[PDB]
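J.: Here's a structure for you.
Nothing in this text is a laboratory measurement; each read-out follows from the coordinates by a stated rule. Note that we place each Cβ from the backbone using ideal geometry, even for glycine, and neighbour counts take in every protein chain shown.
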DNA sequence: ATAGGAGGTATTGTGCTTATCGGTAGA
RNA sequence: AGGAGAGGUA
DNA sequence: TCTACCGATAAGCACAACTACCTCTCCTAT
Ligand SMILES: [Mg+2]
Ligand SMILES: [Zn+2]
Ligand SMILES: [Zn+2]
Ligand SMILES: [Zn+2]
């Protein structure tokens, strides 16, 4: 469920735990640690409580599948023409008006200062 | 699809260190770390980093060879699934005549084919080839979003290789 | 030439009685389907600590000892040797006719 | 009579070919309950040793 | 006496020749006596470990025998288990397949 | 090719005999001799059926 | 790659069909001269395996190949069931009809299988009861009606037999024709394995178990191969009548080691699965030594220095304190197996045993040989002196004395 | 429950063998042994001092099983 | 691929599976 | 190297 | 009065007629 915000928060814990008792009697692998520092530096959120709650609000108020939420949130489209051209599952649908989607775009815009 | 699903395991612990009952939990987590570290790969699941939450542990089964004991432990962890129809950004590493390299993290290698982006002529007048024919400059370090396709896997390395397509909108860096 | 009789008898008896073992509940059960052979062991004392020992194997070994010991085979007229008597006694279903 | 199928032990006793053919025709299932069957396939008989299990915790 | 030596071409067992470091046959009577004593580790070692030892691969999905392991009856599956059985068991399975009998194995792990 | 002595073959060469038949096939015979002193495990017999091995 | 370990259980028995036979076979060519192919087994005269890697006949298993048949062949194991079923059901009424009523002049027919009596072929030969023939004879009927055999479709596989008008060999194609129109419930009840009715293929033995590439005295690379191999090669080219092919298949199936005829049948089982030979074993003549203890066995220094045991710190020579399992063949009782501590003695090529301990072995010092077993695993040694030791067997289990 | 509450010879031998195998693989000993160089002796000492962290699961023929411990059981 | 008449003699021993052989019981 | 046939041990 | 299975009398068919073993000789057509 952690896409950009909660994923970064938990990675600070292991880095904060690494400084304590860094010695290890076993053999460690450096590939796994490199995959964490070089992938999460693309997009980062500010606060955890108000970000994870806001993205889950359209799930209850509107009808969106679990797989559709992940792709839209990661892409973070800045217009209405892009969301109707990326995912082919939104073609020829009238369930949700575009105006509430535009309002949600503004709501996502104020979160990122 | 970053759903944290459970994954049982049958990690075996050597009899080299079996003591300190008051601190036995310290040895259990260390053995668990060395379990996925040895493999560090998957076929159709993805990748795992750290065992953040441990759900439960099982009874210690003793197998009579080289003094080995097994422990069944079920826990949840971070996983990533490259589902079809996902817009994931990535950084470019090097530019070549064929197979443009795109690095969406060191966990996998992504190659760019010729029939993925708009038609253009490679510029040989400078050191790195440019694709500024459609008013867009792409270099190393710039984040470019693209749609993912079906991924392949190997036999030994089992690398999650995939193909990058720029047929969608919002192409180039943002 | 008649030394094959004790060997064959011991082999057949062991094949029949190998699966017999004692259970933790005190009963005597066969290995095939946990069939109840004896509800309680009929020993005349004095220790009932036998739990995992194969009673059928021990009985088969004892009867094999009896068969091999009685290898004199006199076979007198109108008489049978002790080995022949043991073979006839142990084989009851064969003499149905 | 006991409704316990042991094709392997019966084959090892006498006439393995006929016993195996009859078992194949009948499509019976062998659970390897016998000691000799377990021994032939690298398994403990379970009479004296192997009837119980050892668990660390 | 024998510690290590050549094996028979048919079955992976020590040869009977004394001059070629031959072994001692573990007869049925000795096995029955050891069963009566109740010692299984010695019996398991004498019949599997020090005797003909081999490995067999069984597909978890389809109860068939697969020759890494790969069975052509079903698709390439990553769930294949390995069992430790004596080479005599494999020889018996091959003989049964040759005569026209197919064995199905349902592993418990 | 060459023939080598086995594990329990030992002795001292006494004579070598070379011969051939009418067909032209050559035959070679080598004899090895050794002294067999009475060992502990040797078995001795009498003239009246007494059988036994050396004890000490 | 790496596969998880598992425990074998629940062995099922079934008759092989064409699907499993085809699936199991790998690189199953149909060339008569490719019986000893390089893709099946290591002992082939190339020392290279296509499926597996290079090995010394220790990491490569025997692959299987299955040839293909132009025409379908009935399964010999189901021959009796089909013969019994055809006897009950009419050949031209398909019910439980000129062949029904006795007033129509058609006698009943008996279906049976001959065994090397007429044409040395194990097939279905239908016979008419001679008791009914005599009844027709007494009523003025000498010959069978011309339309008596009208229920048998014409088959090109029929050859020149000219045995008798009363008896005819049923072609394998005719067998399927007669089975048509019968309810599947009746067929399934008599034949539990319906999928194995058609035998369109036959496997060949792997080179790792058939190619006898023995040293053949001088002919090191003679590649003598199995004997049945000739029949399997002769079965590659099959044409014409299918009865000959069925007879060849039936004859070839009888060359398996499980069928009785020295290493065949029950003897094969005894020598493979029941009786096995193990390493770390020594056999020497035993003599008496009253000075040695009852629980101690004398081991010569010459043999002890060569016998190697497995001790975790990798082999070390036998020394004092180790335990061995002594036995005198035949083992008439469980007391024959006695665990005794190894004692090194200056004597060579002989083992010393206390004269008192001869009673459990039921032997005497007149040429008797005791062969011992040296345990390698630590657990085996631990359980050896706790259950099979001399002090643990002080009470006789036969009479209690 | 419904057990003899006595450690049989076979179970004792198996426990001793398992403990000896564990000790032979360079494993720490819960009990303190002075002048001991054989894993079997250390295993026997631990069994006498009933400090072995082993549990016995006895499989009843009906299919059920009862969980026991070496400390709860007594050795004759 | 061919070749290997014809002879009175001189293994039992237990189970198993036929056939056949009349043989009464019922409508 | 595998088999067949004889003389033999406990 | 004519069907309808139904136990007896020979005729073949199939394994079983022992362990642990140790040597020698002979064998692979034409
Ligand atoms: Mg004697
Ligand atoms: Zn499969
Ligand atoms: Zn191969
Ligand atoms: Zn009809």
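J.: As a test of the formula, what do you get for chain A when each DSSP H run with n ≥ 4 contributes -39,500 (n - 2.57) and the sum is divided by the residue count, at 222 nm and rounded to the nearest 500 deg cm²/dmol?
T.: Working: 6 runs with 66 residues, N = 113.
-17500 deg cm²/dmol, from helical runs alone.
J.: How tilted is helix H:39-48 with respect to the longest principal axis of chain H? Cα atoms for both, answer in degrees (0 to 90, nearest 10).
T.: Tilt relative to chain H: about 50 degrees.
J.: Relative contact order of chain C: what whole-number percent is it, with Cα pairs under 8 angstrom and at least 6 residues apart? Before the final figure, lay out the partial values.
T.: Working: 91 pairs, mean separation 25.1, N = 97.
Reported as a whole number, the value is 26 percent.
J.: Expressed in nm², what is the orientationally averaged projection area of the convex hull enclosing the Cα positions of chain E? Present the calculation step by step, with values, prior to reporting the outcome.
T.: Working: hull surface 37.0 nm².
The orientation-averaged projected area of the Cα hull of chain E comes to 9.3 nm².
J.: Order by neighbour count: D:41, G:149, fewest other Cβ atoms within 10 Å first, most last. Let's see the in-between values first.
T.: Numbers: D:41 24, G:149 12.
Going from sparsest to densest Cβ surroundings: G:149, D:41.
J.: Could you work out Rg/(2.2 N^0.38 Å) for the stretch B:120-174, with Rg from alpha carbons only?
T.: Working: Rg = 14.5 Å, N = 55, 2.2 N^0.38 = 10.1 Å.
Compactness ratio reported: 1.44.
J.: State, to one decimal in nm², a quarter of the convex hull surface area for the C-alpha atoms of the protein assembly as shown, i.e. the direction-averaged projected area.
T.: Details: hull surface 286.3 nm².
That works out to 71.6 nm².
J.: Would you list the P(r) distribution for the stretch G:330-401, with all Cα-Cα distances sorted into 5 Å bins from 0 and each bin expressed as a whole %?
T.: 3, 12, 23, 25, 20, 13, 3, 1
J.: Neighbouring Cβ atoms within 10 Å as the yardstick, rank B:116, A:60 fewest first. Provide the component values of the computation, followed by the final result.
T.: On the way: B:116 16, A:60 8.
So the residues, fewest neighbours to most, are A:60, B:116.
J.: Evaluate the relative contact order of chain B (contact order divided by residue number), counting alpha-carbon pairs under 8 angstrom at least 6 apart; express in whole percent. Mind showing how you got there, number by number?
T.: Numbers: 311 pairs, mean separation 36.9, N = 174.
Taking the mean separation of contacting Cα pairs over the length of chain B, I get 21 percent.
J.: Roughly how many Å is it from the Cα centre of the stretch A:32-97 to that of the stretch C:20-97, as a whole number?
T.: One Cα centre to the other: 78 Å.
J.: Related question: What relative contact order, as a whole-number percentage, does chain D give when Cα pairs under 8 Å and 6 or more residues apart are counted?
T.: Numbers: 34 pairs, mean separation 15.7, N = 57.
Computed over chain D, the figure is 28 percent.
J.: Once the Cα atoms of helix H:9-24 and of chain H are each reduced to a long axis, what angle between those two axes, in degrees from 0 to 90 to the nearest 10, is obtained?
T.: 40 degrees
J.: Here's another thing I want to ask about it. Cα extents of the stretch G:181-325 along the three principal axes, largest first, in whole Å?
T.: Here the Cα extents, ordered largest to smallest, are 87, 50, 35 Å.
J.: Additional query: Can you give me the Cα centroid spacing of the stretch E:48-95 and the stretch B:133-157 in angstrom?
T.: Each part's Cα centre sits 42 Å from the other's.
J.: Based only on Cα atoms, what mean projected area does the convex hull of the stretch G:249-373 have, in nm²?
T.: Numbers: hull surface 45.1 nm².
The number I arrive at for the stretch G:249-373 is 11.3 nm².
J.: Would you mind giving the three semi-axes, in whole Å and largest first, of the ellipsoid equivalent to chain G according to its Cα gyration tensor? If you can, show how the numbers build up before the last one.
T.: Working: eigenvalues 819, 167, 78 Å².
Equivalent ellipsoid of chain G: 64, 29, 20 Å, largest first.
J.: Tell me, what is the FRET efficiency for residue A:24 and residue G:10 to the nearest 0.05, using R0 = 51 angstrom and their Cβ-Cβ distance as r?
T.: Working from the Cβ atoms, E equals 0.70.
J.: Can you tell me the equivalent ellipsoid semi-axes for the stretch G:167-214? Use √(5λ) from the Cα gyration tensor, largest first, whole Å. Provide the component values of the computation, followed by the final result.
T.: Details: eigenvalues 248, 53, 13 Å².
The three semi-axes for the stretch G:167-214 are 35, 16, 8 Å.
J.: Moving to a separate point now. Limiting things to C-alpha atoms, what are the Rg and the maximum Cα-Cα separation (Dmax) for the stretch G:18-91, in angstroms?
T.: Final numbers for Rg and Dmax: 18.7, 60 Å.
J.: Take G:348, H:37, C:43 and order them by how many other Cβ atoms sit within 10 Å, fewest up front. Walk me through the numbers on the way to the answer.
T.: Numbers: G:348 13, H:37 7, C:43 10.
Ordered from fewest to most neighbouring Cβ atoms within 10 Å, G:348, H:37, C:43 come out as H:37, C:43, G:348.
J.: Percent of Cα-Cα pairs per 10 Å bin, from 0 to the last occupied bin, for the stretch B:1-82, please list those.
T.: Over the stretch B:1-82, the share of Cα pairs per 10 Å bin runs 15, 48, 27, 9, 0 percent.
J.: Same structure again: Calculate the tail of P(r) for chain A: the fraction of all Cα-Cα distances greater than 23 Å, expressed in %. Walk me through the numbers before you get to the answer.
T.: Details: 2706 of 6328 pairs.
Cα-Cα pairs of chain A separated by over 23 Å account for 43 percent.
J.: Only helical DSSP H runs with n ≥ 4 go in: add -39500 (n - 2.57) per run for chain G, normalise by residue count and round the 222 nm mean residue ellipticity to 500 deg cm²/dmol.
T.: Values: 12 runs with 86 residues, N = 401.
Using -39500 (n - 2.57) per qualifying helix, the result is -5500 deg cm²/dmol.
J.: Taking the alpha carbon gyration tensor of chain D, what are the square roots of 5 times its eigenvalues, largest first, to the nearest whole Å? Intermediate values should be presented prior to the final figure.
T.: Details: eigenvalues 156, 29, 18 Å².
For chain D, the ellipsoid semi-axes come out as 28, 12, 10 Å.
J.: Right, something else. From Cα coordinates alone, what are the radius of gyration and Dmax values for the stretch C:15-96 in angstrom?
T.: Over the stretch C:15-96's Cα set, Rg and Dmax evaluate to 16.3, 51 Å.
J.: How far is the Cα center of the stretch B:95-112 from the Cα center of the stretch G:328-401, in Å?
T.: Between the Cα centre of the stretch B:95-112 and that of the stretch G:328-401, the gap is 72 Å.
J.: Which value, in Å to one decimal place, does the Kirkwood hydrodynamic radius take for chain B when every pair of different Cα atoms is included? Kindly include the intermediate steps, with their values, before the conclusion.
T.: Values: mean 1/r = 0.0513 Å⁻¹.
About 19.5 Å for chain B.
J.: On a 0 to 90 degree scale, rounded to 10, what angle separates helix B:24-39 from the longest Cα axis of chain B?
T.: 40 degrees
J.: Right, another one. So if we plug the beta-carbon distance of residue G:130 and residue G:47 into 1/(1 + (r/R0)^6) with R0 = 60 Å, what FRET efficiency do we get, rounded to 0.05?
T.: Numbers: r = 63 Å, r/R0 = 1.06.
So the FRET efficiency works out to roughly 0.40.
J.: Now, a different point. For the residue pair residue G:177 and residue G:219, what label-to-label distance in nm results when each label sits 7 Å from Cα along the Cα-to-beta-carbon direction?
T.: 4.8 nm
J.: If the viscosity is 1.567 mPa s and the temperature 4 °C, what translational diffusion coefficient in µm²/s does Stokes-Einstein give for chain H when Rh comes from Kirkwood over Cα pairs?
T.: Values: Rh = 13.4 Å.
Approximately 97 µm²/s, per Stokes-Einstein.
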